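Encoded as structure tokens, the structure appears first; notes follow it.
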Amino acid sequence: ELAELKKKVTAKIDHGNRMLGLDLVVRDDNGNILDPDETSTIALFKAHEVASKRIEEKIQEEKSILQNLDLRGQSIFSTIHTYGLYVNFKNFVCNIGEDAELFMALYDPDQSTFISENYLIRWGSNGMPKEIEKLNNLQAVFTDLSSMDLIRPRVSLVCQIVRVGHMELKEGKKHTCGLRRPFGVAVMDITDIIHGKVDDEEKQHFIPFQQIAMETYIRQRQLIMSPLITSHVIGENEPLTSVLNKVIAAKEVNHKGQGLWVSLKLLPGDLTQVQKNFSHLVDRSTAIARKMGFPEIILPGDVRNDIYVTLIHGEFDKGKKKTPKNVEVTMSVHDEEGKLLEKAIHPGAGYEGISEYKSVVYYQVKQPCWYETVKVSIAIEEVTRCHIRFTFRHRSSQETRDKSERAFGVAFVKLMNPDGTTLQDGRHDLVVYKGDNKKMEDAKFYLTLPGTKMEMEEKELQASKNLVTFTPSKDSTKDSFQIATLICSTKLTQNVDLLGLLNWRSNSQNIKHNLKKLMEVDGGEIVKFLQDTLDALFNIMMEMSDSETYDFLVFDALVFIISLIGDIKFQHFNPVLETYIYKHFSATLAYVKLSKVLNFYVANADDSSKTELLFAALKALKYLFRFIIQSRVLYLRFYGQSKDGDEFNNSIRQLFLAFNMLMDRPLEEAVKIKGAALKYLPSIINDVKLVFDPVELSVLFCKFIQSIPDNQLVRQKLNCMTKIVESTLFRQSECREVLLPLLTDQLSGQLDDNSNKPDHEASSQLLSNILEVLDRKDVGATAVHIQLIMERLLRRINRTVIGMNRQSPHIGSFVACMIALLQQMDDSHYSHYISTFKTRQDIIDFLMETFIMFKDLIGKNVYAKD
């Protein structure tokens, strides 16, 4: 809080100084007076320019906000990718006569796919809540939203309500109490609402509600001149897809006084701060909903053990009678011994679970649509030995026959696979079995019966090829069902390649196939057990190092994996990678093998199909070199001292020579590849210095960079050298007299080109950084080095500023560099060499040129009068 208040106070102070045209502040943080203490003229200039750009940004933001407040909300929502949906359920103005349940979710009309799950709230039969606790403290937050969800062309919230009570809302017969009947679906457009342009939590927008037909008072009573009506009543015979599309497309619904008051509020962030800073909207008892989707900000420790099973559609024939059988999915959780578990099914997120869960009821529909999503939570060890059954019980009109009749057909789904995998995500169909009632009740029997499409089809294929101990039973009916599985858990494995990596000892024949298929595996399923996969790869390349193609494919697979890790979506897992490097990385001889493999890679860079692989390897060199360094130091500490240190240093030197050869070969086919290789080469050498000789590394890099031709891609190599000087030059005890001449030579080559118009910024950055490392207080002796610098780094800057006397470019950087240079050196260096220049006429020319450049610098200075 102190830091943020200091920052905003300083910003407003500088804003006031700018608007009145007065003196602003310096040293934005920790004191604001610490800049004029001869700390760093370069840092002072950088503070100047960052302050100026902040001034421009704040003034343009003020100009934008003086008229419209649309950019601020978009910027706030684009700052992070973790949102929350807040529903202000005030009241539900209606009157039906049975218990009411709420089910809201997120649906995309254009993608025709649901996004979020559903949460249930107990509601009474006459517009009151069954539980008065949620009457006023109804605080719900639906998390797992990001910018890519908001960038949807049409964002809508789907709200469907299912009643609880009797079958019919009339008299004539008695019906069982405690069963569900769907009523209707209400959808509102929340496109502009989720953009946060107007914050109005008090406003409660009434949403028109559309339902299925329930009244026959006006539609059929008056029909004259042709009475011929032979039809039925459509109670629940409306497919959900078409009705949902029609409701979304509709602009107004004649609800006749039915609906509810809700307002949608978007609170950025997660439960860490919304329960403290947004306590007025998010209380402690706020329900949290987890969307069935992979997160965008994939942070470590994102615990989610939710198993989502969704019912969409299912074929149900009429059968013996013209009325199709009444089907309710009486599902329960069972272990390996078929024992019922308690509180494992959670239809609503944030509500207490139920041991047994039933489905909704349709009015004898041939192909009903369910769209029923429920969540199952089991222990990570227990879920590996659990089974789920789907018993379908026929329900009659009268309560006695409704409760006496048992499950006519029983379905089931396996949560594991014999090979080790889990149920793959995607559309899966189901087949229900009827007739016998004893073979589907003994738990030990139906463990190996067909209950899912893939296992059923593989069993029938095995029966076709070998009709022994496996035959297709004739108990199957003419009906079918469909389920949608999207398990957003952390211990599942929906990949045979994943287990093949895990248990390659069992199936080492398909190692080649596994390595080939590793190149298209989804990133999330990889990073779920990336540590295990990397350990398996390390073991594979350790104990099986006889076949060269195995090593090549393992190297390619690890390059692909580490490139995926280095992507913008997995910076949070990089600390996890480093922690695993420090704690579980047990490679001892893998470093030399990896070094030899990459030496072969660079020495054989001539292949065209190898271009992208080598580009990825060069991009991800940093982390693989971290791995190599860890393995080498582990070997050193386990063996005390390694006689292989000298040969590994020779291997590194040979790698540098191979890089020199790669630079020497024509650039016509590897422009971007060699540019990136130059870009990311010094990434690890800072850490390599800790174990390799700094003098040898410095001289090898000097030779490597002096071998670079000076005719192609000057800005890229200048940026590479900017990164070079930034790193390890502060450790100047052995890299002053070898690195400074290199910088001097490169700047001298930069000097006279007549095309240095964009190179000015790079030269300014180089000068700034070298001056920084020269004036650092943790350096020590810099007398002779600064002496040589002022010997050959003053006439050239004088000449450059004379050339760029034009007032358009960023002269101020050069001005800061030259003033820092002139002030840093004391009179001793001037007397030693600046006064000891060449012949008298030439020094007179020098003096007059200096006077001219001085009067031009002072004459019409081009600062921003700030």
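For the structure tokens, the naming scheme is as follows: chains receive sequential letters (A, B, ...) according to their order of presentation, residues are indexed from 1 within each chain, and ligands are indexed from 1 in presentation order.
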
Practice prompt. Find the residues near residue 856 (chain A): any atom within 8 Å, counting only C-alpha atoms, skip ones fewer than 4 places away on the same chain, and give them as a PyMOL selection string.
Written response: chain A and resi 805+852+860

Go ahead and write the residues just picked, N, CA, C and O atoms, as a compact mmCIF listing (two decimals), in the first residue's frame.
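New file selection-v7.txt:
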# COMPACT_ATOMS: atom_id res chain seq x y z
N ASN A 805 23.86 16.83 -35.92
CA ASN A 805 23.39 18.12 -35.40
C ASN A 805 21.93 18.38 -35.73
O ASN A 805 21.34 19.31 -35.16
N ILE A 852 32.87 24.73 -31.64
CA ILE A 852 31.71 24.77 -32.54
C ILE A 852 30.62 23.84 -32.02
O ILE A 852 29.44 24.20 -31.96
N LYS A 860 20.20 26.75 -29.15
CA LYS A 860 18.92 26.13 -29.47
C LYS A 860 18.90 24.67 -29.02
O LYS A 860 18.79 23.74 -29.82

Practice prompt. Write out as a PyMOL selection string each polymer residue whose atoms come within 9 Å of residue 664 (chain A), counting only C-alpha atoms; drop sequence neighbours fewer than 4 positions from it.
Written response: chain A and resi 659-660+707-709

If you keep N, CA and C atoms, can you produce a file of those selected residues as an mmCIF file, in the first residue's frame?
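Result file is out-v6.cif:
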data_model
loop_
_atom_site.group_PDB
_atom_site.id
_atom_site.type_symbol
_atom_site.label_atom_id
_atom_site.label_comp_id
_atom_site.auth_asym_id
_atom_site.auth_seq_id
_atom_site.Cartn_x
_atom_site.Cartn_y
_atom_site.Cartn_z
ATOM 1 N N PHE A 659 29.884 -23.191 -34.174
ATOM 2 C CA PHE A 659 29.100 -21.971 -34.349
ATOM 3 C C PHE A 659 29.786 -21.014 -35.314
ATOM 4 N N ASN A 660 31.113 -20.908 -35.222
ATOM 5 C CA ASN A 660 31.859 -20.084 -36.169
ATOM 6 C C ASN A 660 31.668 -20.584 -37.595
ATOM 7 N N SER A 707 34.501 -12.847 -35.977
ATOM 8 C CA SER A 707 34.298 -13.636 -37.183
ATOM 9 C C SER A 707 32.993 -13.304 -37.894
ATOM 10 N N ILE A 708 32.084 -12.585 -37.240
ATOM 11 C CA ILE A 708 30.805 -12.211 -37.839
ATOM 12 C C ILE A 708 31.052 -11.180 -38.933
ATOM 13 N N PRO A 709 30.576 -11.414 -40.154
ATOM 14 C CA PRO A 709 30.713 -10.399 -41.203
ATOM 15 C C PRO A 709 29.964 -9.126 -40.845
#

Discussion item. If you run DSSP on the backbone here, which positions in region 146-262 of chain A get strand (DSSP E)? Please write them as a list in words.
Written reply: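 DSSP-assigned strand (DSSP E) residues in region 146-262 of chain A: residues 156, 157, 158, 159, 160, 161, 162, 163, 164, 165, 179, 180, 181, 182, 183, 184, 185, 186, 187, 188, 189, 205, 206, 210, 211, 259, 260, 261 and 262 of chain A.
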
Kindly export the residues of the current selection with N, CA, C and O atoms, as an mmCIF file, in the first residue's frame.
data_model
loop_
_atom_site.group_PDB
_atom_site.id
_atom_site.type_symbol
_atom_site.label_atom_id
_atom_site.label_comp_id
_atom_site.auth_asym_id
_atom_site.auth_seq_id
_atom_site.Cartn_x
_atom_site.Cartn_y
_atom_site.Cartn_z
ATOM 1 N N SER A 156 -23.149 -14.918 -24.163
ATOM 2 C CA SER A 156 -24.485 -14.989 -23.595
ATOM 3 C C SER A 156 -24.481 -15.941 -22.409
ATOM 4 O O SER A 156 -23.666 -16.864 -22.335
ATOM 5 N N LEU A 157 -25.403 -15.703 -21.482
ATOM 6 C CA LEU A 157 -25.576 -16.537 -20.300
ATOM 7 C C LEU A 157 -26.876 -17.315 -20.452
ATOM 8 O O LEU A 157 -27.948 -16.716 -20.594
ATOM 9 N N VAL A 158 -26.780 -18.641 -20.422
ATOM 10 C CA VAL A 158 -27.937 -19.519 -20.548
ATOM 11 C C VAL A 158 -28.413 -19.894 -19.152
ATOM 12 O O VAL A 158 -27.611 -20.294 -18.298
ATOM 13 N N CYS A 159 -29.714 -19.748 -18.911
ATOM 14 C CA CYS A 159 -30.304 -20.053 -17.614
ATOM 15 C C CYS A 159 -31.541 -20.910 -17.828
ATOM 16 O O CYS A 159 -32.554 -20.424 -18.341
ATOM 17 N N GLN A 160 -31.456 -22.177 -17.435
ATOM 18 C CA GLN A 160 -32.562 -23.116 -17.534
ATOM 19 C C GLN A 160 -33.006 -23.519 -16.134
ATOM 20 O O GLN A 160 -32.183 -23.714 -15.238
ATOM 21 N N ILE A 161 -34.317 -23.637 -15.949
ATOM 22 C CA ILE A 161 -34.898 -23.929 -14.645
ATOM 23 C C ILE A 161 -35.686 -25.228 -14.727
ATOM 24 O O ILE A 161 -36.484 -25.429 -15.650
ATOM 25 N N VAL A 162 -35.448 -26.113 -13.763
ATOM 26 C CA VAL A 162 -36.114 -27.407 -13.680
ATOM 27 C C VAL A 162 -36.916 -27.446 -12.387
ATOM 28 O O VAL A 162 -36.371 -27.198 -11.306
ATOM 29 N N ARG A 163 -38.204 -27.758 -12.499
ATOM 30 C CA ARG A 163 -39.071 -27.815 -11.335
ATOM 31 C C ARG A 163 -38.870 -29.124 -10.577
ATOM 32 O O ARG A 163 -38.329 -30.102 -11.096
ATOM 33 N N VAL A 164 -39.314 -29.130 -9.320
ATOM 34 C CA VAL A 164 -39.274 -30.317 -8.472
ATOM 35 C C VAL A 164 -40.649 -30.487 -7.842
ATOM 36 O O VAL A 164 -41.135 -29.581 -7.155
ATOM 37 N N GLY A 165 -41.266 -31.631 -8.064
ATOM 38 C CA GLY A 165 -42.577 -31.901 -7.516
ATOM 39 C C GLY A 165 -43.308 -32.935 -8.363
ATOM 40 O O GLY A 165 -42.698 -33.877 -8.873
ATOM 41 N N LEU A 179 -39.376 -35.407 -7.774
ATOM 42 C CA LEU A 179 -38.830 -35.670 -9.096
ATOM 43 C C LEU A 179 -38.811 -34.377 -9.897
ATOM 44 O O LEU A 179 -39.560 -33.438 -9.620
ATOM 45 N N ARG A 180 -37.942 -34.339 -10.903
ATOM 46 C CA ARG A 180 -37.653 -33.124 -11.650
ATOM 47 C C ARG A 180 -38.439 -33.079 -12.955
ATOM 48 O O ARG A 180 -38.653 -34.109 -13.601
ATOM 49 N N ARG A 181 -38.862 -31.874 -13.331
ATOM 50 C CA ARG A 181 -39.517 -31.619 -14.610
ATOM 51 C C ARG A 181 -38.989 -30.295 -15.149
ATOM 52 O O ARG A 181 -39.176 -29.248 -14.497
ATOM 53 N N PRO A 182 -38.330 -30.283 -16.306
ATOM 54 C CA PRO A 182 -37.837 -29.016 -16.857
ATOM 55 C C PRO A 182 -38.979 -28.079 -17.217
ATOM 56 O O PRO A 182 -40.066 -28.505 -17.613
ATOM 57 N N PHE A 183 -38.716 -26.780 -17.073
ATOM 58 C CA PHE A 183 -39.726 -25.752 -17.290
ATOM 59 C C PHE A 183 -39.411 -24.877 -18.496
ATOM 60 O O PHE A 183 -40.236 -24.755 -19.406
ATOM 61 N N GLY A 184 -38.234 -24.265 -18.534
ATOM 62 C CA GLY A 184 -37.881 -23.408 -19.650
ATOM 63 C C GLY A 184 -36.480 -22.866 -19.484
ATOM 64 O O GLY A 184 -35.822 -23.075 -18.459
ATOM 65 N N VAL A 185 -36.032 -22.152 -20.514
ATOM 66 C CA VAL A 185 -34.684 -21.599 -20.572
ATOM 67 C C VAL A 185 -34.770 -20.105 -20.858
ATOM 68 O O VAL A 185 -35.510 -19.674 -21.749
ATOM 69 N N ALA A 186 -34.023 -19.317 -20.087
ATOM 70 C CA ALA A 186 -33.941 -17.874 -20.274
ATOM 71 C C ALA A 186 -32.495 -17.493 -20.544
ATOM 72 O O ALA A 186 -31.598 -17.879 -19.789
ATOM 73 N N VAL A 187 -32.269 -16.738 -21.617
ATOM 74 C CA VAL A 187 -30.931 -16.338 -22.036
ATOM 75 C C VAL A 187 -30.913 -14.830 -22.236
ATOM 76 O O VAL A 187 -31.802 -14.275 -22.891
ATOM 77 N N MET A 188 -29.900 -14.171 -21.676
ATOM 78 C CA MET A 188 -29.710 -12.740 -21.842
ATOM 79 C C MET A 188 -28.338 -12.481 -22.449
ATOM 80 O O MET A 188 -27.379 -13.217 -22.198
ATOM 81 N N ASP A 189 -28.256 -11.431 -23.262
ATOM 82 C CA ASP A 189 -26.997 -11.056 -23.886
ATOM 83 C C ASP A 189 -26.162 -10.229 -22.917
ATOM 84 O O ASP A 189 -26.640 -9.236 -22.360
ATOM 85 N N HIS A 205 -31.719 -5.667 -14.277
ATOM 86 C CA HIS A 205 -32.354 -5.778 -15.584
ATOM 87 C C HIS A 205 -33.258 -7.003 -15.615
ATOM 88 O O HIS A 205 -32.803 -8.126 -15.366
ATOM 89 N N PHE A 206 -34.535 -6.790 -15.919
ATOM 90 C CA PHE A 206 -35.471 -7.898 -16.035
ATOM 91 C C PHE A 206 -35.251 -8.636 -17.351
ATOM 92 O O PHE A 206 -35.214 -8.029 -18.424
ATOM 93 N N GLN A 210 -38.696 -17.537 -21.539
ATOM 94 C CA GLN A 210 -39.427 -18.379 -22.474
ATOM 95 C C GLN A 210 -39.427 -19.815 -21.965
ATOM 96 O O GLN A 210 -38.400 -20.316 -21.499
ATOM 97 N N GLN A 211 -40.580 -20.471 -22.058
ATOM 98 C CA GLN A 211 -40.736 -21.833 -21.564
ATOM 99 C C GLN A 211 -41.472 -22.653 -22.617
ATOM 100 O O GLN A 211 -41.790 -22.168 -23.707
ATOM 101 N N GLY A 259 -40.120 -14.026 -14.614
ATOM 102 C CA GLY A 259 -38.713 -13.703 -14.763
ATOM 103 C C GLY A 259 -38.072 -13.485 -13.404
ATOM 104 O O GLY A 259 -38.651 -13.809 -12.369
ATOM 105 N N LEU A 260 -36.866 -12.925 -13.439
ATOM 106 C CA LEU A 260 -36.104 -12.662 -12.225
ATOM 107 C C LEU A 260 -35.220 -11.444 -12.457
ATOM 108 O O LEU A 260 -34.940 -11.059 -13.595
ATOM 109 N N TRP A 261 -34.779 -10.843 -11.355
ATOM 110 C CA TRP A 261 -33.933 -9.657 -11.380
ATOM 111 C C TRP A 261 -32.501 -10.056 -11.057
ATOM 112 O O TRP A 261 -32.216 -10.503 -9.941
ATOM 113 N N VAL A 262 -31.605 -9.890 -12.032
ATOM 114 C CA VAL A 262 -30.196 -10.222 -11.872
ATOM 115 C C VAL A 262 -29.354 -9.172 -12.583
ATOM 116 O O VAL A 262 -29.746 -8.616 -13.612
#

Discussion item. Please determine, counting only C-alpha atoms, which residue among A:726, A:429, A:35, A:607 has the shortest atom-to-atom distance to residue 765 (chain A).
Written reply: A:726

Practice prompt. For each of A:316, A:217, A:623, A:582, take the minimum atom-to-atom distance to residue 565 (chain A), counting only C-alpha atoms, then give the residue where this is smallest.
Written response: A:623

Practice prompt. Please provide as a list in words all residues within 10 Å of residue 451 (chain A), with the sequence filter that same-chain residues fewer than 6 positions apart are discarded (counting only C-alpha atoms).
Written response: residues 388, 389, 390, 410, 411, 412, 413, 414, 429, 430, 431, 432 and 433 of chain A

Worksheet entry | Sel. of alpha helix (DSSP H) residues, region 13-154 of chain A, as a ChimeraX atom specification | /A:13-19,41-65,71-79,133-136,147-150

Test item: residues at most 12 Å from residue 379 (chain A), only C-alpha atoms, excluding those fewer than 6 positions along its chain, as a PDB file with N, CA, C and O atoms, in the first residue's frame:
ATOM      1  N   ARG A 304      -7.153 -28.847  -9.220  1.00  0.00           N
ATOM      2  CA  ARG A 304      -8.482 -29.112  -9.764  1.00  0.00           C
ATOM      3  C   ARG A 304      -8.599 -30.614  -9.983  1.00  0.00           C
ATOM      4  O   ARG A 304      -7.920 -31.170 -10.850  1.00  0.00           O
ATOM      5  N   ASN A 305      -9.441 -31.267  -9.189  1.00  0.00           N
ATOM      6  CA  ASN A 305      -9.688 -32.699  -9.297  1.00  0.00           C
ATOM      7  C   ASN A 305     -11.143 -32.959  -9.666  1.00  0.00           C
ATOM      8  O   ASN A 305     -11.796 -33.856  -9.126  1.00  0.00           O
ATOM      9  N   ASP A 306     -11.667 -32.165 -10.594  1.00  0.00           N
ATOM     10  CA  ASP A 306     -13.061 -32.266 -11.002  1.00  0.00           C
ATOM     11  C   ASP A 306     -13.177 -33.147 -12.239  1.00  0.00           C
ATOM     12  O   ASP A 306     -12.475 -32.932 -13.233  1.00  0.00           O
ATOM     13  N   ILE A 307     -14.061 -34.135 -12.170  1.00  0.00           N
ATOM     14  CA  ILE A 307     -14.348 -35.026 -13.288  1.00  0.00           C
ATOM     15  C   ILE A 307     -15.737 -34.656 -13.789  1.00  0.00           C
ATOM     16  O   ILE A 307     -16.738 -34.860 -13.094  1.00  0.00           O
ATOM     17  N   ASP A 335     -16.691 -48.183  -6.063  1.00  0.00           N
ATOM     18  CA  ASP A 335     -15.266 -48.472  -6.070  1.00  0.00           C
ATOM     19  C   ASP A 335     -15.018 -49.787  -6.809  1.00  0.00           C
ATOM     20  O   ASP A 335     -15.897 -50.316  -7.495  1.00  0.00           O
ATOM     21  N   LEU A 341     -20.160 -44.651  -2.524  1.00  0.00           N
ATOM     22  CA  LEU A 341     -19.472 -43.579  -1.822  1.00  0.00           C
ATOM     23  C   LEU A 341     -20.419 -42.401  -1.611  1.00  0.00           C
ATOM     24  O   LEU A 341     -21.339 -42.164  -2.398  1.00  0.00           O
ATOM     25  N   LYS A 343     -21.257 -38.296  -0.971  1.00  0.00           N
ATOM     26  CA  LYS A 343     -20.843 -36.932  -1.309  1.00  0.00           C
ATOM     27  C   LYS A 343     -19.732 -36.933  -2.360  1.00  0.00           C
ATOM     28  O   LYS A 343     -18.641 -36.399  -2.149  1.00  0.00           O
ATOM     29  N   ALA A 344     -20.020 -37.547  -3.507  1.00  0.00           N
ATOM     30  CA  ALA A 344     -19.076 -37.605  -4.613  1.00  0.00           C
ATOM     31  C   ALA A 344     -19.595 -36.962  -5.891  1.00  0.00           C
ATOM     32  O   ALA A 344     -18.796 -36.693  -6.794  1.00  0.00           O
ATOM     33  N   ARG A 385      -9.465 -46.734  -8.985  1.00  0.00           N
ATOM     34  CA  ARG A 385     -10.138 -48.010  -8.774  1.00  0.00           C
ATOM     35  C   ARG A 385     -11.635 -47.821  -8.548  1.00  0.00           C
ATOM     36  O   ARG A 385     -12.234 -48.519  -7.722  1.00  0.00           O
ATOM     37  N   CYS A 386     -12.254 -46.891  -9.269  1.00  0.00           N
ATOM     38  CA  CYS A 386     -13.676 -46.612  -9.142  1.00  0.00           C
ATOM     39  C   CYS A 386     -14.402 -46.903 -10.449  1.00  0.00           C
ATOM     40  O   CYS A 386     -13.808 -46.920 -11.530  1.00  0.00           O
ATOM     41  N   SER A 489      -8.965 -32.566 -14.569  1.00  0.00           N
ATOM     42  CA  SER A 489      -8.277 -33.040 -13.379  1.00  0.00           C
ATOM     43  C   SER A 489      -6.772 -32.874 -13.544  1.00  0.00           C
ATOM     44  O   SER A 489      -6.277 -32.401 -14.570  1.00  0.00           O
ATOM     45  N   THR A 490      -6.041 -33.272 -12.503  1.00  0.00           N
ATOM     46  CA  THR A 490      -4.589 -33.164 -12.487  1.00  0.00           C
ATOM     47  C   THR A 490      -3.884 -34.513 -12.449  1.00  0.00           C
ATOM     48  O   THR A 490      -2.656 -34.554 -12.588  1.00  0.00           O
ATOM     49  N   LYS A 491      -4.618 -35.611 -12.264  1.00  0.00           N
ATOM     50  CA  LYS A 491      -4.019 -36.935 -12.185  1.00  0.00           C
ATOM     51  C   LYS A 491      -4.505 -37.887 -13.269  1.00  0.00           C
ATOM     52  O   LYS A 491      -4.132 -39.066 -13.248  1.00  0.00           O
ATOM     53  N   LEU A 492      -5.323 -37.420 -14.207  1.00  0.00           N
ATOM     54  CA  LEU A 492      -5.784 -38.263 -15.297  1.00  0.00           C
ATOM     55  C   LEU A 492      -4.677 -38.441 -16.334  1.00  0.00           C
ATOM     56  O   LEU A 492      -3.648 -37.763 -16.311  1.00  0.00           O
TER      57      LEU A 492
END

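Minimum distance to residue 524 (chain A) across A:436, A:108, A:866, A:296 (counting only C-alpha atoms) occurs at A:296.
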
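Distances from A:463, A:55, A:561, A:243 to residue 620 (chain A) were compared using only C-alpha atoms, and the smallest one belongs to A:561.
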
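Of note, CA of residue 331 (chain A) and CA of residue 285 (chain A) are spaced 28.8 Å apart.
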
Report as CSV: every residue of region 770-819 of chain A with an atom at most 12 Å from region 731-742 of chain A, its closest pair of atoms, and their distance in Å to one decimal, counting only C-alpha atoms, with rows sorted by chain and ascending residue number.
residue,atom,partner,partner_atom,distance
A:770,CA,A:740,CA,8.6
A:771,CA,A:740,CA,11.1
A:773,CA,A:732,CA,8.6
A:774,CA,A:732,CA,9.3
A:775,CA,A:732,CA,11.7
A:776,CA,A:732,CA,10.3
A:777,CA,A:732,CA,11.7
A:778,CA,A:731,CA,8.6
A:779,CA,A:732,CA,6.5
A:780,CA,A:733,CA,8.5
A:781,CA,A:733,CA,8.9
A:782,CA,A:736,CA,8.5
A:783,CA,A:736,CA,11.1
A:784,CA,A:737,CA,9.3
A:785,CA,A:737,CA,7.0
A:786,CA,A:740,CA,9.7
A:787,CA,A:740,CA,11.7
A:788,CA,A:741,CA,9.2
A:789,CA,A:740,CA,8.2
A:790,CA,A:740,CA,12.0
A:791,CA,A:741,CA,11.8
A:792,CA,A:741,CA,10.0
A:793,CA,A:741,CA,10.9

Fill in: Near-residue 458 (chain A) list (12 Å; only C-alpha atoms; drop same-chain fewer than 6 positions) as a PyMOL selection string
chain A and resi 449-452+464-466+470-472

Worksheet entry | Surrounding residues of region 168-171 of chain A excluding itself and chain neighbours under 6 positions, 12 Å, only C-alpha atoms, as a PyMOL selection string | chain A and resi 95-99+125+177+179-183+214-215+235-236+363+397-398

Worksheet item: What's the 12 Å shell around residue 283 (chain A), counting only C-alpha atoms, without same-chain residues fewer than 4 positions away, as a list in words?
Response: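 Once the adjacent positions are removed, what remains is residues 86, 137, 138, 139, 140, 141, 271, 272, 273, 274, 275, 276, 277, 278, 279, 287 and 288 of chain A.
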
Please produce a file of those selected residues containing N, CA and C atoms, as a tab-separated table (two decimals), in the first residue's frame.
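Resulting contents of again_25.tsv:
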chain	number	residue	atom	x	y	z
A	86	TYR	N	-20.58	-12.22	-11.15
A	86	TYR	CA	-21.35	-11.99	-9.94
A	86	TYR	C	-22.82	-11.79	-10.30
A	137	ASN	N	-28.09	-13.03	1.06
A	137	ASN	CA	-26.65	-13.23	0.96
A	137	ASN	C	-26.27	-14.08	-0.25
A	138	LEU	N	-27.02	-13.98	-1.34
A	138	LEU	CA	-26.76	-14.77	-2.54
A	138	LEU	C	-25.57	-14.16	-3.27
A	139	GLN	N	-24.37	-14.61	-2.91
A	139	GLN	CA	-23.13	-14.16	-3.53
A	139	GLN	C	-22.50	-15.34	-4.24
A	140	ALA	N	-22.40	-15.25	-5.57
A	140	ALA	CA	-21.83	-16.32	-6.37
A	140	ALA	C	-20.83	-15.74	-7.35
A	141	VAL	N	-19.67	-16.40	-7.46
A	141	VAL	CA	-18.62	-16.01	-8.39
A	141	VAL	C	-18.29	-17.20	-9.27
A	271	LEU	N	-9.87	-15.60	-6.12
A	271	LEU	CA	-10.40	-15.57	-4.76
A	271	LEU	C	-9.41	-15.00	-3.75
A	272	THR	N	-8.15	-14.80	-4.13
A	272	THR	CA	-7.16	-14.29	-3.19
A	272	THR	C	-7.51	-12.88	-2.71
A	273	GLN	N	-7.98	-12.02	-3.63
A	273	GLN	CA	-8.25	-10.63	-3.29
A	273	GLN	C	-9.72	-10.25	-3.33
A	274	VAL	N	-10.55	-10.97	-4.09
A	274	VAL	CA	-11.96	-10.61	-4.16
A	274	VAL	C	-12.68	-10.90	-2.84
A	275	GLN	N	-12.12	-11.76	-2.00
A	275	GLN	CA	-12.69	-12.03	-0.69
A	275	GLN	C	-12.21	-11.05	0.37
A	276	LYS	N	-11.28	-10.16	0.03
A	276	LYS	CA	-10.79	-9.13	0.93
A	276	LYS	C	-11.11	-7.72	0.44
A	277	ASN	N	-10.79	-7.41	-0.81
A	277	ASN	CA	-11.08	-6.10	-1.37
A	277	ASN	C	-12.50	-5.97	-1.90
A	278	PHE	N	-13.10	-7.07	-2.34
A	278	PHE	CA	-14.47	-7.08	-2.85
A	278	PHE	C	-15.40	-7.83	-1.90
A	279	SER	N	-15.22	-7.62	-0.59
A	279	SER	CA	-16.03	-8.32	0.40
A	279	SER	C	-17.50	-7.96	0.28
A	287	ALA	N	-20.06	-19.01	-3.47
A	287	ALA	CA	-19.84	-20.22	-4.25
A	287	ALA	C	-18.85	-19.95	-5.37
A	288	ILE	N	-18.00	-20.94	-5.65
A	288	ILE	CA	-16.98	-20.84	-6.69
A	288	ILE	C	-17.25	-21.92	-7.72
